[PDB]
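First comes one chain, alone, set out as structure tokens in the form solved without ligand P6F.
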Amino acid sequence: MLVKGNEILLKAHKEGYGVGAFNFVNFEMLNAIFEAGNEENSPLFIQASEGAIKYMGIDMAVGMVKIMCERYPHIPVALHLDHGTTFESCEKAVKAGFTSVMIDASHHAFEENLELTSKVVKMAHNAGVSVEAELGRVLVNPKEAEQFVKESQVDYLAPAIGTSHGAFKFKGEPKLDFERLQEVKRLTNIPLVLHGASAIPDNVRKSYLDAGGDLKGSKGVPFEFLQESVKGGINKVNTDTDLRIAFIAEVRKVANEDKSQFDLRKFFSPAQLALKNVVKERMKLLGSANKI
């Protein structure tokens, strides 16, 4: 059941909890996410990257979501364009039926970022679609964020607040700038979004490594990081990496333990279950559980 992204995030903003934004690239991922939402009674914020959209076809991406909505008509669902890179991409998503689009111009200077973002906002808003943007600079400047939000009229903002991600990659340990987050929150007074905050739960790790996987290069932030960010004003937490690892861990396991197995269901059923549980735990962690 598709609704504006802002309808879900404004509630989270007002009531001070976080909503996991879960990516999907096919049916297996989508089904697991919906079942998680159903079992935890949590609103659903579903994300599709530009790569995922090319992979599925925007018609199949939206099509599958609409089908799942009819299964669980009681669950609020926002279909979100994850990291749109062009106005045309966001435009296509809007026409396709997305209820939320992100335009990422955070790698550009303030003025150009504001220009492109404002352009997307005008288009999306005219079609009743919510918009997300990103802003940094190194950590974001709260007063810059204030002006950016005011002039762009974006619905939610992803501020650079400690994660090594996108145009704000750094060398060393990621650290949540809590006070900076609170300042941004106070000055903007809109839902805030957290990017590049992969948690890699212990059990998920262990499942992947047990299946012969290698995670050297994928180190996650503590659960405390996510909890503190939510207390700081974060209302949307992008979740993809954690889903992939749990999913593929099971795929590797099945391959290892039975060389003669080629029934897709045998691979992807456990994979779905693992992914579903990650989503469920994330919903409880962020506080979106029992919010329906």
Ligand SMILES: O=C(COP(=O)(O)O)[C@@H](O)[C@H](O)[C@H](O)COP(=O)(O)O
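When you see a residue number, it is the position in the sequence shown, counting from 1. Rigid core: the largest C-alpha set superposing within 1.5 Å between the two forms. Only residues modelled in both forms are compared.
Separately, the form solved in complex with ligand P6F exists; it is not shown, and the next lines address it.
Using a 4.5 Å heavy atom cutoff, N23, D82 and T239 all lie near ligand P6F in the entry with it bound. Only one listed stretch (227-235, 28-36, 41-49, 246-254) carries heavy atoms within 4.5 Å of ligand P6F in the entry with it bound, and that stretch is 41-49.
Interface membership of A197, defined by any non-hydrogen atom within 4.5 Å of ligand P6F in the entry with it bound, is confirmed. Contact annotation: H165 falls within 4.5 Å of ligand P6F in the entry with it bound, judged by heavy atom distances. The shortest heavy atom separation between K169 and ligand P6F in the entry with it bound is within 4.5 Å. Only one of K95, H74, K169, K143 has its C-alpha shifted by 2 Å or more between this form and the one not shown once the core is superposed, and that residue is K169. Panel note: the distance between the CA atoms of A199 and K169 is smaller in the entry with it bound than in this form, the difference being 3 Å or more. Annotation for the pair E88/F168: C-alpha atoms recede from each other in the entry with it bound, by 3 Å or more compared with this form. The rigid-core fit between this form and the one not shown yields exactly one 3+ residue run with every Cα displaced by 2 Å or more: 164-174.
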